Each structure stands twice: as structure tokens, then as C-alpha cells.
Amino acid sequence: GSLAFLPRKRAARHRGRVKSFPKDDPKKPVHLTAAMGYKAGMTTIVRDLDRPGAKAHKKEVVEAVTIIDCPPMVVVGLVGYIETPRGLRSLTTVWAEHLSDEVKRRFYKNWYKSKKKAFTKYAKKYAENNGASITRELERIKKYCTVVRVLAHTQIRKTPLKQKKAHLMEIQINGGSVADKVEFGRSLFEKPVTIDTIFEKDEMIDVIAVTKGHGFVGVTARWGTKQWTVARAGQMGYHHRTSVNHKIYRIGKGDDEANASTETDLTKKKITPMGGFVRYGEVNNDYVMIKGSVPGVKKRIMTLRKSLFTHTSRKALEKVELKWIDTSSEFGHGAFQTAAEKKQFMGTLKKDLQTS
Amino acid sequence: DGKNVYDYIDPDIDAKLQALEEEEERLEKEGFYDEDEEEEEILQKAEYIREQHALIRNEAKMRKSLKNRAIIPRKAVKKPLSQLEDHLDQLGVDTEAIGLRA
Amino acid sequence: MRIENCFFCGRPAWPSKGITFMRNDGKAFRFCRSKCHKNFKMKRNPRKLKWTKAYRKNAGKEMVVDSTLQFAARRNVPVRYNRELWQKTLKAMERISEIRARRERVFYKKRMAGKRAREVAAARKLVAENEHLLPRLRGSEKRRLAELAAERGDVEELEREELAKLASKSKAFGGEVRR
RNA sequence: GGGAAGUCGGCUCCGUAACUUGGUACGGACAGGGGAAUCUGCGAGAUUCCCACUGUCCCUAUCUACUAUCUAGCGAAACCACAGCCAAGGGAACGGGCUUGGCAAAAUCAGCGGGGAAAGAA
RNA sequence: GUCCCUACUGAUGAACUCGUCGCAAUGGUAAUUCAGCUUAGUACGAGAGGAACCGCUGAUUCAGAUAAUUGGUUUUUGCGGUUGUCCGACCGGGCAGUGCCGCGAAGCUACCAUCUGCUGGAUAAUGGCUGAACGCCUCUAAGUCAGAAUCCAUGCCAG
RNA sequence: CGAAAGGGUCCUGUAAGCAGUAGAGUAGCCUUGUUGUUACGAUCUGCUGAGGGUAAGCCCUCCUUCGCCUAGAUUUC
Ligand SMILES: [Zn+2]
């Protein structure tokens, strides 16, 4: 194996952390770096390729794309860090008012038996004229911090998951003075932010996730065989990975009702496969459609972040003309895009007569 | 919607389409699409018999056993007044007419 | 792009789905699934397997003579692009699809035409040969309704009413043994 | 059963007529089978592919034998000076305790591929 | 003819009230080779022949993932066929340590499938600038510029 | 939230039974049959892409049905 992914250990956290935001300069406009989503599955497409110099130039190619359910995230806080001879130090964080039950579930571990008493005194700090103290915290961030991040959480109760506990993370704000970033976050308080607002189509991003576990597995599969340098038996899988350069092909709006329709296929259909995503369900929200395979199982929490470095390739400056998106069943050898197509192909049936 | 637009492309398609609506309108004018208690109750009675046949067959399989087990004869097991009364009642007989014999 | 048809069964063959077999005589064999491919390789007749459009057309399970099927066919002579032509073609495709649906509904109705007469004849025979397994009330029920009809002044309609009630309204196996 | 390797592997007889018992001319027959397919309308049906040996190797198949984590209960033995983290140095191809350095944080579970075993010299 | 401690590899963990969000000392560290297009039948060449920098697109090996598709795998013992025997026969089934055969989702797999692999500084050989030693000269003595797949770091894994 | 059910989606490949003179065949009646009858019957066809399975690591549920539920034990500056 590679001595660069060792100490081959299970990921310390299920969420997966960014570990590096792109470097910040004040000249760029104010923007957010990262976002969150849940892996729904993957499907097949056909792209009219414009790669000047390729043998598939001006030809139709079949590609595999991963679909990420991305309900809008909610901003609930703002954290400010300072530079010290020992690194970055979180000087202070100021939250939003009216936190949601899902983020309070994130804070609690046994939510059902608990008195749900989190951040009540903080809301009283807003309401009872301790807004002087809160403004003092904002001004401390303005006048002492060098980098600002925003606290944001996902919407499980829109995601088709049995879970009810949300996911918090800090998304770094770049491109402006610290005062501009503080005002931006304070204005973003108690507001939903969308994936088409953070990213857009044609843009390569980086995906942070925890790759699927397989338990105690021997050297044959753990490293790929026929001291730390010697292949040993142990945990294989469930590993934190940051996979780079994945092209954002589409962002579907969820309420469009024609997410899977292209300018070539005039079929009013959505991204969800016929019968639903296997083991996941239906995508009823904003979704991100990106090229290739991506670390993580279905319904796993995923972090989507901007590229650290300005790109060096023509694959990152290309437009993606889509021809069609596969919506056949993933539960077996499916050959119909819609139930209407299946009915038109197979005619009417005995149960159709019995019901009608 | 699962069809090839190019396969349907045909110059001078208005004449063929108008012929299609004309022949349709004929089909309605003749009636090609014109859709057209004792039977219900006798079908229900047949369904009731079929249920009874299966419920007897299920009793048959319940006592049958798989491979040739010797069974104490009926003349040797004794059966209760309560059970004989219930079956003969379900069969529609006045049990109160006679039955102090046992 | 284009929607292909499976050689074996006739289901829509979409891009990526299936394996194509190139025979040495020069003809291509496109299948939509591994099932179809393996059936072709074991050399079975789609005209004999009942889940195939070949079999269904041979046995007359589908309509095969109609303008709604003569309107679509493979075109080997191109037509110069024309927005009105394509838009009007799309609208015609919608019209054709719904007309086809209605015609196929009528066809399958005509194929299923005589079923109720056969079912009721079978019911006649079954009831006539098994009159004894019909609902036959209950003896105590009859006695109680006789007393009730004596009270209310009729017996026949009380019967044919509470019989209907009990028929509108299962047996367990065994029972608890007293400890 | 399949794949692989090597090979030098693949692709005359009966009756008839003259001649010295045997030959000579004439007439007829000979010089396949099996399996898998494709094409035309079962059809003289037409066309395509594979048939080997080996004291060789590998894989698949069958049989034989040993193969086994935790819980409840029951329940040994081998072995045991005391111990067990490294690198350099410690004249006697000697280090495990010494010098001086790297360091070094309770209690455990599982895997195990290293160490805790070896000479005696013409 | 002499099953234990430890290293390594993973997994839990007491005390610091539980929890959420982080920082990063230190340790590890990763990409590699080839080809094709344009440059260009150009520079160069009597002829025969014939490059390269920028720019573009693929492939080998290595590494990390992933399962839309496509193969393989079947205890889905899911469905159907079929052998022997048995439940009196039909139906429906048992037994043959999963009888045999065909298809077979899901899951698992496969450079038999697909995706991704990123940028700053300082250097060595060497080539220079200014300029003494030494009234010439000199890349060196003071000072200083560039420069290798090298070195240290970022990106990346652990914490 | 759990168990059923319904719908969807996938897998297999057309259930049991009945009927049609379609039916290769197996036999009786009476006398010649130019169209004789009566029964049984492989196989075929129809009812029947039906029948069965479907999350156990598939999808959805407007009051689809039933049931459950503010617990009980320990520990903490
Ligand atoms: Zn097919």
C-alpha cells in the first residue's frame, strides 16, 4: 500500500472535516467555501462532449454521475479565529437566535428524555438587553480576528432519512475584510442558503467523506498483496478521504418538476429513479449531480468544498451539455424511464380491468 | 416520452394526422369506444363454497402428518358434549331437542 | 441518441443497457439484459417464450394493424431541419400516444370479452353440485329467532335478514389445556 | 471436465474371359463417425467450426482428514533464577542488569508475518 | 548425532461534569513512464532524412475510492423445468447433509467495470553579475542572480 | 415507532380448475356410415405477462388497519 494513508485507522468522526479551506484575500467578493449534502445514489447519462483534441470530440459519451440530495442549509452562528504563534485559535463564537430542534438534537445525545434546555439562556441574552454583550462579541470578531467562519446545519427533516439529528459545520467566508465577513454572516443569520448559491454548474469541487467500512480484513484486501512498512491485518474501510477535482455537472432545483429533462429529451421527469433510489428513497430537494465515483455509502453525510487552487486543466473550463439522465429502476434490469412509458409499452392488465 | 422524434419525423404529416382524427371521429360515430344482483349473489355463494373446500382441505392437511404415523382410532378417543353440540349446531340442528343421553 | 429495441424480447434498449453480439456474417445482435443474452446463447425461440413481443404478436395478444403503428418507422432518408416540423411532430406524437392507449384498451377489452359468462356458468355448476356447504344458520339461532318472532308477531324475513347479517359479518386450531 | 507447455499431431478388393497353381485384361465397389452451429424453401437441403499424444504444469469436480468466536457450567498441562522498549559503547567475533543517549502515563481485546533457538573450526 | 513477555498492526478505555464546534506539536507523506496531435515535413541538410519550447489528448505502472452500467458469484433455496423414492391418486409437498438444471434481483466483487490523483520556497553539478586578493585578470574572498525528477514544507492521513 | 395491508419497482415465466370437438390416439351402441353415435384421452388453445416472491441492508402511505409511548436502574462537579 501507500505509506501516506497510514495509520490505517477508523475515522474519528462520522461527519468528516475539511482540514483546509482555500487561502483568503480581501480583493475577491465575499463568499462561502463549503456546503453539505447526502449521497442519494448514482446514475448514467450521455454528454455531447466538446474536448478539442479528443477522439470523442463532438460525440456522445456515456458517463456515471453521483447524485447528492442537498436541502438548503441554515446559518445559526458565526465564529471568529485569531492568529497566534501556536496556530489559529477560536477567539469567540456568537450564535443565532431561535435555534432549531434538529441542531439542538445535534447538541443532545438522549434528546427524548432531556428537558430540551439548550441555548435558552442565550436567547434570553438576545432578548433581555444583553444585546450589548452580543454586539461586543461581534465587534471583538471585527477588530481582532483574521479569518471568519459561519456555523451552518443541514435539514434532515427534509432529507428522506430516519435520522432526526442534524449536522453542524463551519463554512469559511472568503473575499473581503473581516468587517465585511462579519456583516455578511450576521445578515445570513436565521436564513436558508442554497447549493446553487454556494456552487454552480461546470465547477469542479472537492468532496470530503468517510469511505465505507468492511471490518477486520486481512492483508490480501487491506493492501493488495499477492514494522509500519509491513502489511498487517486490521481494520479495512471506514476511512476519512478528501477526493479532489470532481466536475459539478448539474444542480437541480427540486421544485422544477423536470429535473431530469434536457434540451434534447422533452420528458417531464425528475431525478429520482423509477421506483426510488435503492435504500435511500426519493430526492425532493435541490440536488447536485457530479461526475464519477465519490467516497461514502448512500445516505452518508458529505462535505462539498471549493477547490484549494485555481485549476490547471481544460476539463475545468468546459461547459457540460447533457443529453439525457437515466431514471430506470436501480432495483434490477430496468428499461422504462417512467411508469407511463411502462404502461404504454405493456398495454392494459387484468388488475387494470378489475380496479376500473 | 420513450419515443424517437426522428422516427416520427415525416414531411407532409398534416394530411396523415387529419386522416387520423377523421378516422377517430368515425370510430366514435359508429361506437367503437361505446362501453357496454342474482349473478353477484350466486358468485358470492360460489366464493363461499370455495372457501369452505379449502378450510376442509386445511383441516385435512393439519391432521394428515407427513409419513404414515399410527393414529389411535376414533372409537378409542372420547369426544365432549360441548364439541359435539357446537358442530351439530353449526350444522343446523336443535341440540336442545335431545342430548341428556350422555 | 436513439432508443433501441431488444432483439429477443422487444423492450426499449437504452444506452448502456445490454450486450451487443457481432456475428461473423455481419449482423448485430442487441440485447437489453443478460437474461435475453443468455436465452439467445442457449438458442431458445423468442417466438416460443411467452414473455416476448414476438410471441405476443404471433399469438395475437397485441394490435398489429393500425395507423397509430404505421405512423412510426425507421427513416433512412433525412429531412432538412425545420422548427415548425419538429414542434408539430411532438404534438402529433402526444396525440398518437393517447390514441394508441385508447385503441389498445379497446383491443384488450375485445380479447377479454367473454369471461363473465364462463365464470357464472362455473358458479352455477359449483353451487348446484355443492348445495350442502352453503350458509345454513345455526340451531340455537333458529330457536332464538322463533322466540323473537313470537314476541314480535315474520319468521321467514327475520331469518333471511339475520342470515344476511351473519354472512356480512375464522376457526382457530385447538385451545388452551386447563392447568 | 477445462486451460496451459512440448511435439515428427491438426488439412485396393469381388465377379467375368483367355494364359501357365499363380498371374494377365474387362466390369462393379472401396480409397467414415460423432458433436456444435449458420443460411434458402423436414427438404439430393447448402455452408462454417472441434476431434492427437505426452514420464509436464495449473484450475475445476468427488472422496478422505484436520479444520471454530462468544456465553452458562466444568476445567488441565508444557514451561517458570528474576526480568522483559530501543541505538551506540562496553579489547577476550559476550550482553539482560553497566556508561549516555532516544525516551517513557493506568487497565485491557484481537491479529501476528520479528526477538526471547542454535555453531566450534580443520 | 540436545505457551507466555515483548515489537508491530488495528480495536476499547478510568480520572479532568457531559456535550458540540475547532486548533495543530509531532509522526507519516506519492505519484510514475510512454505515446499520439500541433509546432512541421519546419529549423538543419547535397541527399537520405529530420527535431524541439509553448499548447492539446490519451495510455503503462502505482495509489485512493466507487458500483449507474457490464460480466462473474446465489441459501432470495425467489421462480420454473427435471431424476429416484415417498405422503392411496389430483393438488400441494418431504427426503437425496443445498438431488440436478435454467434464469435470477439484493449484496459482494472485477485495470473483467467506472472515477480521482494537487504547488511554494531553498539547493547540488553548472552557468552568471559586481569586484578584491595580485595596479592585468578572476562566478568569491565581502555581496549577489539563475538552476535537477534533489531537500524542506502546503495540498493529503493520524491527532 | 412497530406489525400488517395497499400501490410502485424488480425476479421468474403463464398457477389450480374449467371449457372448445382443435385434439394424435384408446374402446362400446345399433346397423352400414354417403357427416353415424357415446365415453376416456396425451398434446394444443382460451380464461392467463397469469400465478408466485418482493427487504430480510428496495421505494411511498392522509385520518389504509391494529398496537405502543412522558418509563425503571446506576453514576456525575
Ligand atoms: Zn430484452
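First the proteins, then the strands, lettered A, B, ... as listed; each starts at 1. Both backbone and side-chain heavy atoms feed into the values below; hydrogens, waters and symmetry mates do not.
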Apply ring-ring contact (aromatic ring centres under 6.0 Å, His included) to [X] and list each qualifying residue two or more places apart in sequence or on a separate chain.
{"X": "A:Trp111", "result": "A:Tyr108"}
{"X": "A:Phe336", "result": "A:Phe345"}
{"X": "C:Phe29", "result": "C:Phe7, C:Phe40"}

In [range], what residues come within less than 4.0 Å of RNA chain F, judged by heavy atoms?
{"range": "residues 342-356 of chain A", "result": "A:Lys342, A:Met346, A:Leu349, A:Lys350"}
{"range": "residues 324-332 of chain A", "result": "A:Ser329, A:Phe331, A:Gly332"}
{"range": "residues 4-24 of chain A", "result": "none"}

Under a 4.0 Å heavy-atom cutoff, the residues of residues 36-48 of chain C touching RNA chain E are C:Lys38, C:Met42, C:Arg44
May I ask you to list the residues of residues 52-62 of chain C, by number, that have any heavy atom positioned under 4.0 Å from an atom of RNA chain E? none
B/S/- contact track for nucleotides 78-99 of chain E, protein heavy atom under 4.0 Å: ---------SS-BB--------
Its contact letters, B for base, S for sugar-phosphate only and - for none at protein heavy atoms under 4.0 Å, make nucleotides 66-77 of chain F read ------------
Derivation of the ring-ring contact (aromatic ring centres under 6.0 Å, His included) call for A:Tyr38 and A:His167: CA-CA 11 Å; A:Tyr38 299 99; A:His167 294 89; 5.6 Å; yes
Side chain to side chain contact (heavy atoms under 4.5 Å, CB included) filter on A:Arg232, not counting sequence neighbours, yields A:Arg222, A:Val230
List every contact pair, protein side and nucleotides 55-62 of chain E side both N or O, where the distance is under 3.5 Å.
unit_1: E:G55; atom_1: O3'; unit_2: A:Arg314; atom_2: NH2; d: 3.3
unit_1: E:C56; atom_1: OP1; unit_2: A:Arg314; atom_2: NE; d: 2.9
unit_1: E:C56; atom_1: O2'; unit_2: A:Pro52; atom_2: O; d: 3.0
unit_1: E:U57; atom_1: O4'; unit_2: A:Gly53; atom_2: O; d: 3.4
unit_1: E:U57; atom_1: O2'; unit_2: A:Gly53; atom_2: O; d: 3.4
unit_1: E:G58; atom_1: OP1; unit_2: A:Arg51; atom_2: NH1; d: 2.9
unit_1: E:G58; atom_1: OP2; unit_2: A:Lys315; atom_2: NZ; d: 3.3

Closest approach to the side chain of A:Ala233, judged atom by atom: which nucleotide of E:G104, F:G2, D:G111 is it? D:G111
Under 3.5 Å for both contacts, Watson-Crick or G-U wobble geometry: does that describe F:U43 with F:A22? yes
